[PDB]
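Heads up, the thing below is written out as structure tokens.
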Amino acid sequence: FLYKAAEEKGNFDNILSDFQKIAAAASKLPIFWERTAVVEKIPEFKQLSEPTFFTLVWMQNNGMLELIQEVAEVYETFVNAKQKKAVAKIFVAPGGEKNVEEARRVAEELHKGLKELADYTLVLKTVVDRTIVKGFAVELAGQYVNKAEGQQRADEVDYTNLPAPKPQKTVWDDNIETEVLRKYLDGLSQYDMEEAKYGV
Amino acid sequence: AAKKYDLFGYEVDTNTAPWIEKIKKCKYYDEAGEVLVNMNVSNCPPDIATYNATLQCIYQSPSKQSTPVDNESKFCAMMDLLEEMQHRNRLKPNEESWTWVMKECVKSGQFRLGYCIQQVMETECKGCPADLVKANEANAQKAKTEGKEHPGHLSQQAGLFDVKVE
Amino acid sequence: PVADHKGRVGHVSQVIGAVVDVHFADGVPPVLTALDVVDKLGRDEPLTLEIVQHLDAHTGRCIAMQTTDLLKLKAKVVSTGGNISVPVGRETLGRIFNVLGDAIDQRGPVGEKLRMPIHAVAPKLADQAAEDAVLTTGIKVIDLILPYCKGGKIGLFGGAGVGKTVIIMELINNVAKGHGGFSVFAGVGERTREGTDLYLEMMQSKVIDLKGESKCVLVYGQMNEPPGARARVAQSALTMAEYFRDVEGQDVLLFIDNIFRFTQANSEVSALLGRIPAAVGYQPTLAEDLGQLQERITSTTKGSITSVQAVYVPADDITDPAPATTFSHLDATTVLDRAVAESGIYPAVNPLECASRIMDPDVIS
Amino acid sequence: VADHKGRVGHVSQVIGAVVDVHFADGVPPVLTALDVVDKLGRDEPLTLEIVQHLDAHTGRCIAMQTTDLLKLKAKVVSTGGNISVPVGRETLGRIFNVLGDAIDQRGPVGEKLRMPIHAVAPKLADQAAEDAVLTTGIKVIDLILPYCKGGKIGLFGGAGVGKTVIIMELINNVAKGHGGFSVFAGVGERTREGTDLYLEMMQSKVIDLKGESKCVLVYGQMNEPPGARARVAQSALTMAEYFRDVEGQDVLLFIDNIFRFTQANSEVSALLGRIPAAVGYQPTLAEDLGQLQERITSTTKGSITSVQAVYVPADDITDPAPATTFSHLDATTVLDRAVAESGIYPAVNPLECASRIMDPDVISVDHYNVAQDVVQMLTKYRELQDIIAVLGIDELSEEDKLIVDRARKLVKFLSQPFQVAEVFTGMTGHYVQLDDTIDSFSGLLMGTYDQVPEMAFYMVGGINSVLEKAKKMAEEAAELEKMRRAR
Amino acid sequence: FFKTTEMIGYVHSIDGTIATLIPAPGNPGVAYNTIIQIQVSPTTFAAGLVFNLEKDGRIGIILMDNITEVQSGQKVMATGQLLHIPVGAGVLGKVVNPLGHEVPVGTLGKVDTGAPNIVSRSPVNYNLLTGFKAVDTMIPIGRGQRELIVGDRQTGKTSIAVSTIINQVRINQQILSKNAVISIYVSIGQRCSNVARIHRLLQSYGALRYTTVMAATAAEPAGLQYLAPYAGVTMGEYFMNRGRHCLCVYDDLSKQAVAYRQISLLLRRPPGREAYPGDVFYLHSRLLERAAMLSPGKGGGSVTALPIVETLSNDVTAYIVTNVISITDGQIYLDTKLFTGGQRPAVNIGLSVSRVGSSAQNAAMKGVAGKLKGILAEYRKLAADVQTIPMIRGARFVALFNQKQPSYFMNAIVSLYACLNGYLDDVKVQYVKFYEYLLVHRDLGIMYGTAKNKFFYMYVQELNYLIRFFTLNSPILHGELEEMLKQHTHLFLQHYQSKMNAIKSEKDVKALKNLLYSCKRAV
Amino acid sequence: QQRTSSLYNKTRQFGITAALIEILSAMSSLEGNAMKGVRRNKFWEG
């Protein structure tokens, strides 16, 4: 609806500015303002364009003001497609956005590979990801390149614990001499096992 | 010469000469079964000649595989192969197949299996190669002199309470 | 190390029974994370929540360990930086604990060396034991038809007032007191008086030497407790037994009464979570919950845990999903029948419906 | 919006075997066939059938193949009509699937015409009255529940009672010499069973690859998705209808199993937004089955003799599906597991079977009288059995004890070895003529064979075989007596 | 020259072992029933399977591994391919997951393949020896057959299948590898300890060389339990499509349905009977249709299925139990009452059936089985309704069906033949097992020096294949077979039974009782 | 007779309860999965 309304006038940046004002205003509104929201009474929204203000009232009537962010993203995607702009998301660690020289090179290389985006203009948008501590990632039209790394004190073993000495019963060759001494040989094996278990 | 057809009426490849050559170039007779497997996959059912070549490889091969296999027996493999040929392929073993079995029995020293194979050849085929019959008897009488006619533990006297039931 | 989400602030968005939704501006913490309600709310005790699901990138569903009375929306909640941890070590011996690991014996501080999370992964295949031996209980029916295995899993399936508790006490007297290793008593959805009677019994037998070394730990979340606590007391009690098995290589006895209440508690919360019920009305994840819990109750190459679990059969229907699924997780099964008890036969074991795994000549004589 | 051929739509939702398609120009008519033209790296083509209209643009459909590798917004093209199957004598001796594509790997089939699988059933004015006995060569069926030419026959049974075996025997006895054509529809059954049937038919020369065949096979089996199993029956029925109407021939139609058609629809019913019904079956159970059954009928143009196998889940004949099928049949054969467990095959429970032509006007008076007497004797023998259990056989009065002895012979004389179950039984089958069966039972009822041993009637054919088995029994008994005498 | 993945969206919600995904605007999108990777870290991924594609664009995902690492908002990459797992002879003797990952112990095959076509199959004519006399005689099993094993808990459902796998070890060592039977044992929802015990048991008999284990323990998510049968059969289809025979055991399908029910309900699928999803029959139906006997044109390989199913109080009227019974080509019903009555294996012959019939029996076993079947049928009816021959031999046949380990074909067939021809009429029922033990594991003729046979002796294990070729009732083997049995019967009766019947001492009585019970567990 | 009648009666009541719960459970799922679109009404008209 916003895209169709803006297309008639031919100006799309007005809606983007309205979203920026909404985001700035929301930062000061009380928690859970979207459920007691009255856009008419809110002075911050009084400066918005007619299409944006109408849509906000439209959401408030249906109680879907919680989708303000998603609606904005869908709109920005339409504007970029209409204006032939390809946005590359550069995911970087918090505070690691200072160096993006390699990210731009990777984004350009991905842009060259994509034939569909030959005429599209390359844009870079930085995003902060707490899952990566070092490096960066680049996403463009679904093509994702990862050049990042993340994070890499328990009790390992019981020193007191000792594996018991697994005894083995001695086996005698099956000759006649064994049969005559079967009882005697068995006693020796039992004594041997008892010695092994106790130690001596 | 004449096209063969399978169970469903589809034709089967009959040129099984190259496979026989492959069988006759194996070192261990277990590799021969692989050739038979490939033949079946390629819709080239083995003929009587192919089975005889497989039996020849079994008799002339050193062992089943490069590494020893416990409880491996050449006689058992050949008999199973014959069972497959006669029952699951409807092909009557010829004299050549039975001669290979008799040779293996003589070579391995199993003189009791030779007697059974001797009667089989005297029943289905026309007699037995008299060279092999005499060889089997020589092996049997050697056992009598050495006393290895039956396993010894069988000859040991037992009783109602003198038998160890594992 | 320190968790990257500790101190994270969220606000209560929805309250239904024992289920509470929390919205975090910076992102919902990981599942199983523990949260504390900061607002006073005029409550008499603190309020703690455990995350169980993620509704979106910012909203998370949680179960409260205490009653949710006087809980309002927008209430402030703070992440604790990790799962629910409980004390471990010899400091816990001779002590009574709850689901949260807080001592409820009104005695001195535990002073544990460290704490460990209740939720943990089960032993893997290579860490399984292969020892089979007979545990002599002194009871004719058990020792003959369904002998128990040392370090194994034993279940006592029974109805209401059939004798499940009595047999457990008999086993405790005949085994636990004369046991070299340690013991852990996990009361789950059972009478509070029984725990008091057991505590007095253990003190009289001097298994709990208040002034000396003790061999027993008690962990109790009883019927009066809300469903959230009754669904986690078993995990906490099992965690303590795992430390002794793994970090001390010590034989452990684990007396759980009653395991059925654990599944029942998960059913109650599942209904509130907005899940489609399975047959009868149990949660669809009945089997998975038992599998995760039971698989942790096993004997590894480091130590041994002999587990005895009481199973309550609702309406005397042995085909109920709860008891039915538990048969596959037990080495020994002891089925009790009401009719046998009514005939004056105690114990009421039905030997035909009982089974044991060590009923093998290779193991027993 | 008259001709929708080539109309384009996009896949909007995919859940299991149900797919939602969006058309900008309007959803085509229900039951329309659509092809997934998009290249999704699939090993098999994907086709859908419209079953519902969600709105003027969205339509819900069931896929005939697996929906794997299917993405949203995938392009779909209408085929301009319902699913079409080839018809004519060129299909004889061939195997087809739900879509009418040959799967016998026997080369292209020359089709001069194709017909939609969905058609309107005949009206009341298109009903033909054909009351003629069909001789199946089976003592039980020919006597108690004789079959009628051009009529409908159901074989209700559990699992392992012998539903498939009886169908094979009927084919061997009725189809080999049938003047007309035959159509066999495998529906949600074992694939190996179809393979065995194909081999047997080729051996029996019903399907003559080099010559002329006289039967068609249509197979949608368990491995197939529910969409295929819910339409394979329609496809085969369409072929039979063409033979009935265009060719004006008397055709046989074997179906195994018709229950799977109901089962498949129930599986997809949940995903179509239909609240379940009693025993979890779809609410449209009665109507959907009725439309299919009414198409299976003999009209003034031709005749269709239909034999359908019905699976009774857990031997519960009170279940919706088995019960709903009873009113759409002319002859019901109910099989009981208890009979089979006693060694009696076919395990038919005559007290539960019924036939429409069991009237003196249609069949001979002697045939009607003999059948009724057998049923009454069997019914009485059951009541005497209960008294036997409580009192003992000796306590029964002499008249009752005679009914017991005669009735037991009837129970064993109903058994018959089939020519197709030789492997199961190990004995050659028998083909008993209709007249022989009537005469044999008539003599048995009046006590003409009271002195014959009871076991002489077990697993035999006509009366002549009974006498031969009694003579053999006497000879062996004499030999045993001689052996004992020498001792 | 980059390893560019295909990102398709983010993780929205997580509910236990399943998740939901929200697609990012303007992305390629994911395909149905495909594998996806949830980036739990810049280098670590969790496997998921696509299950639903909703109108809103949300995607239902079944998690398979690293579930604890999954959090809302994480990125998702689409591989765009179905599930493929390693397959080959290099996996034998190993424990693996449904995903192919090996489990430490103390070629790619597609998991969603279609079943063989009707014309791609051949009639079942090759037997698969379970090693148990009762099954091999009254319930024949042929290669390429689906034989259900239905019973109550603690009735031997697992033991019999494991014994069947073990029984192939001795055969495979002798015959060529062409006819060797490979084994795929699939454990579903079972305890981890039981898998380890099974692994050790197979290793002891050396069955690991021809067997592989696919384990999805209880602690594992339902997704793995749901895919284990399909992954296991896929590993078995590798040998089928290459002219080899395989045996797939599923322990057990009952827990697979529970996992499928758990997945469907969590993903908002409408419940059906007993809360199971509507398409629960189609699940097992396509699993067991993949086991077949390929035609000569395709290699002749086969897959034999032994799915296991548990009942409650001997109730076979359940939902999934009925569905499986209507699919398989035969059922082995293990009865609780028989199990407690001393009959082990507790195979209920009356309720058990094999629809393949005698076609799945060797020519040697056909004659024995056919005549044995009639005797038992009469024996059941005679007792139900007098020392007649059918009643005298029927009891001894029942006694011979008690076993603890699989029996070699030669030993089993010979014993059945002896009881069939009345050689055991003079032998008391209690002493039948002791008679069998002496016949197999010792030789009385040699011991007492009255043996005149030339070749036919029970210690010549190579005679099994000769018997399997010519039949026992053949002139080559029949003459010596009768002589050996006659000598064994006479010697046994004279020297053993006479003393056994003369025992009155309590010590002697107790000693005899231990002997006979041991003989049950020996032969 | 008295005993069998008691179990017969407990079954018939349970069968009625079980079947209805099953049907209700499948009705709830569709209700839960029911999707409400944007209310395309004149909100300013009020």
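The first chain written gets the first letter, and so on, giving A, B, C, D, E and F; residue counts start at 1 in each chain.
Simple rule for what comes next: contacts are C-beta pairs under 8 Å (C-beta built on N, C-alpha and C of every residue); 3 or more make two chains touch, one makes a residue touch a chain.
Steps from subunit E to subunit F, taking the shortest chain of touch contacts, total 1. When every chain is reduced to the mean of its CA atoms, the largest separation from subunit C belongs to B. With every chain reduced to the mean of its CA atoms, the largest distance from subunit A is reached by B.
Centroids built from CA atoms put subunit E at 30 Å from subunit B.
Subunit A and subunit C, compared by their mean Cα positions, are separated by 33 Å. Between the Cα centres of subunit B and subunit D there is a gap of 49 Å.
Subunit A and subunit D have CA centres that are 57 Å apart.
In subunit C, the positions touching at least two other chains are 276-277. Contact of a single residue of subunit F with at least two other chains is seen at positions 22, 25-26, 29-30, 32.
For subunit A, the set of residues touching two or more other chains is empty.
Remark: the chains found to touch one another pair up as A-C, A-E, A-F, B-D, B-E, C-E, C-F, D-E, D-F, E-F.
On subunit B, the positions that touch subunit E within their shared complex are 6-8, 10, 12, 29-30, 32-34, 36-38, 40-41, 43, 45, 69-73, 75-77, 79-84, 86-88, 110, 112-113, 115-116, 119-120, 123, 150-151, 154-158, 160-161, 163, 165-166. Here subunit F touches subunit C in the complex through residues 21, 25, 28-29, 32, going by the rule given at the top. Across the interface of their complex, subunit D is touched by residues 7-10 of subunit B.
Within the complex, the subunit E residues that touch subunit D are 29-34, 52-55, 57, 82, 112, 114-119, 121-124, 144, 269-270, 272-273, 277-279, 281-282, 285-286, 288-290, 292-293, 316-317, 322, 325-327, 329, 331, 350, 353, 355, 357-359, 370, 377, 381.
The touching residues of subunit E, counted against subunit C in their complex, run 10, 12-17, 68, 71-73, 95, 103-106, 153-154, 189-193, 195-197, 199-200, 215, 217-222, 255, 258-259, 261-262, 265-266, 268, 271, 274-275, 312-313, 340, 521.
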